[PDB]
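Remarks on the structure that follows.
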Amino acid sequence: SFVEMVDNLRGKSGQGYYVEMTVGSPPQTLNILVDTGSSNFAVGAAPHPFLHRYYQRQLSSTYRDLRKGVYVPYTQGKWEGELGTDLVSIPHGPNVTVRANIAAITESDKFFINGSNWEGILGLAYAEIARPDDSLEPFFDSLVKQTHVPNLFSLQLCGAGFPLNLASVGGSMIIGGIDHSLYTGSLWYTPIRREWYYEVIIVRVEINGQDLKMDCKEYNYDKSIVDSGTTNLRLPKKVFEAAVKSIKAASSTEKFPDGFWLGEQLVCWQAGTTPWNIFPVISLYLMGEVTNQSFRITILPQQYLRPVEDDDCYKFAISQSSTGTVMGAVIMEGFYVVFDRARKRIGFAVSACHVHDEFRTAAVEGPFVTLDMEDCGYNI
Ligand SMILES: CC(=O)N[C@@H](Cc1cc(F)cc(F)c1)[C@H](O)CN[C@@]1(c2cccc(C(C)(C)C)c2)CCc2[nH]ncc2C1
């Protein structure tokens with residue numbers, strides 16, 4: 001249908017977006033973080049101070065132990081666990097059940113977040129980056145192989161301010177297709193360069209219409225990916241420095257502590273007086289499937305200035321990286337993103353929950369003629 005899947009995501013700002021899932025027999029309900037930046041399906045399977053509930057394998061008649069250990073280290077957090085298989089469903093997803101690999105998390109460190117409301121993670125990327133090795137079939141590969149669900153999903157991650165009905169921000173994960181009521185305008189597609197992370201190629205970057213003027217290999221230095229499990233826009237050292245230099249220049253009328261630009265300190269303004277006009281729009285051009293059909297996604301300050309609290313407070317959500325460009329949640333917010341795995345491409349369109357701005361508007365625009373995968377792709 002797809003209507004049954006609209007609004008199936010919830011989350012707290014900066015703590016990921018999650019979807020309801022069931023595991024075992026009888027079905028045990030768990031909220032699971034949707035992560036396109038990994039490929040392991042893992043759930044709390046032991047008591048933890050921040051876990052409201054967890055997966056009890058002893059109470060599932062369909063549980064099968066694989067007699068194998070596993071661990072996954074992320075950017076900061078990590079967990080270890082025991083591999084097994086079990087029946088998995090998504091109540092607000094397709095009407096199907098599948099036997100999938102499940103990493104039963106037995107110990108963890110800085111993985112679970114206090115009061116987040118999620119108890120596990122659903123890695124939606126490819127087998128190549130799955131631990132302990134690529135022989136561990138990811139959930140989405142299992143879903144597609146065992147059912148007739150088409151090989152593609154879409155994510156509409158919404159920012160704050162939209163009606164929901166535990167709170168702040170919602171979204172949609174349409175499994176097996178594209179829901180047209182979730183976006184406006186045209187969907188533009190960029191190739192998945194390789195099936196491991198959802199890797200793409202950035203061919204140009206503009207700040208307030210002014211080209212950053214860098215060797216485009218710098219934009220994809222190491223790699224460039226789409227990652228719903230990461231909050232910030234992460235930029236390679238050199239791009240980060242040139243970008244923050246343009247953003248500081250554009251916003252020079254006001255001055256902020258060095259801590260602000262490092263993403264550690266917050267900045268506030270009397271309620272409703274946020275001076276959005278002095279922060280520029282960032283345009284990221286993605287390589288077209290055909291290079292005279294490239295396109296840009298335009299990000300407003302309402303996206304890269306993430307709202308928090310203690311009247312209107314904000315965190316700078318652009319960070320330095322030594323591991324490539326990561327287009328995180330703040331980038332995906334306000335766009336409808338199609339992970340068209342069947343045709344090895346990712347689509348972008350303006351979301352129905354796009355960010356406001358009285359004088360500017362987020363956009364997905366093209367066509368543009370640009371450089372190639374060969375000119376812009378870093379070869380590792
Ligand atoms: C912030 C973060 O760590 N997000 C991850 C999901 C997550 C959400 C959460 F709420 C708590 C938590 F502990 C983890 C997500 O998987 C991160 N994904 C990347 C990644 C980094 C370290 C290793 C991994 C694999 C080995 C592949 C799992 C992935 C993708 C690749 C990459 N290059 N630079 C940065 C990244 C981020």
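Which of the residues spanning the stretch 240-289 are within 29 Å of residue 193 (Cα to Cα) and in contact with an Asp or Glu (Cβ under 6 Å, 6 or more places away or on another chain)?
283
Select, from 172, 224, the only residue that is of a type in the set (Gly, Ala, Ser) and within 16 Å of the ligand (Cβ to nearest atom).
Matching residue, one of 172, 224: 224.
Scan the stretch 131-168 for residues that are within 17 Å of residue 40 (Cβ to Cβ) and in contact with a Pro (Cβ under 6 Å, 6 or more places away or on another chain) and jot them down.
Answer for the stretch 131-168, where residues must be within 17 Å of residue 40 (Cβ to Cβ) and in contact with a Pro (Cβ under 6 Å, 6 or more places away or on another chain): there is none.
May I ask you to say which residue of 42, 100 is part of a strand (DSSP E or B), more than 21 Å from the chain's Cα centre (by Cα) and within 18 Å of residue 19 (Cα to Cα)? Lay out the reasoning, then the answer.
Values: 42 fails: more than 21 Å from the chain's Cα centre (by Cα).
When all the criteria are applied, what remains is 100.
With a cut-off of at least 3 residues that are assigned by CATH to the domain that holds residue 75 and on the phi > 0 side of the Ramachandran plot, name the strands (runs of 3 or more DSSP E) lying wholly within the stretch 212-272.
none
Of all residues in the stretch 312-340, which are part of a strand (DSSP E or B), touching a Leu at 6+ places or on another chain (Cβ under 9 Å) and away from the ligand (no atom under 16 Å from the Cβ)?
313, 314, 316, 335, 336, 338, 340
Within the stretch 17-31, restricting attention to residues that are within 28 Å of residue 192 (Cα to Cα) and buried (at least 23 other Cβ atoms within 10 Å of the Cβ), which residue is farthest from the ligand (Cβ to nearest atom)?
It comes out as 21.
Based on this model, can you work out whether residue 14 counts as surrounded by 20 or more Cβ atoms within 10 Å (Cβ to Cβ), assigned to a loop (DSSP other than H, G, I, E, B) and out of contact with any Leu (no Cβ under 8 Å at 6 or more places or on another chain)?
The answer is no for residue 14.
Condition check ((1) away from the ligand (no atom under 16 Å from the Cβ); (2) closer than 22 Å to residue 327 by Cα; (3) outside any loop (DSSP other than H, G, I, E, B)) across all residues:
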residue: 34; (1), (2), (3): no, yes, yes
residue: 48; (1), (2), (3): no, no, no
residue: 61; (1), (2), (3): yes, no, no
residue: 80; (1), (2), (3): no, no, yes
residue: 95; (1), (2), (3): yes, no, no
residue: 104; (1), (2), (3): yes, no, yes
residue: 108; (1), (2), (3): no, no, yes
residue: 125; (1), (2), (3): no, yes, no
residue: 134; (1), (2), (3): no, no, no
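What is reported rests on the model, the rules as stated and the sources as named; nothing here is a laboratory result. Quick reminder, even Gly has a Cβ in these numbers, built from the backbone with ideal geometry, and neighbours come from all protein chains shown.
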